[PDB]
């Protein structure tokens, strides 16, 4: 990550861009497993093996409350969603596949956001 991503405070204009990035991910066809916290009835052992869970609704709450001070902090929460998924689930599961697709999409949108900040 470059110096702007790590050290430049998030402005109100930056926050309008983060809201747009988040809504794009929430609208994606393969986002369904990540929209809300993992249901422990669907995965009884999940909260014993994943110590820092994360999901898109928790991120939306944090964006609305202006939790994030730097872009790096927002990227870290998003990356946690995909890393948790690839660690918990086997490489041939549909959950793992959704993580691969949605992370590629996040990177495309994130590059777009970074470009709009600087120029």
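Residue numbers count along the first chain shown, from 1. Here the rigid core means the biggest group of C-alpha atoms that line up within 1.5 Å when the two forms are laid on top of each other.
Taking 41-49 and 68-76 in turn, the stretch whose Cα atoms are more displaced from the shown form in 9 other deposited structures of this protein following rigid core superposition is 41-49. Here the stretch with the larger average CA B-factor, out of 42-50 and 85-93, is 42-50. For the pair 75-83 and 22-30, the mean Cα B-factor is higher in 22-30.
Ranked against the other modelled residues of its chain, the C-alpha B-factor of residue 13 as given in the entry falls in the highest third.
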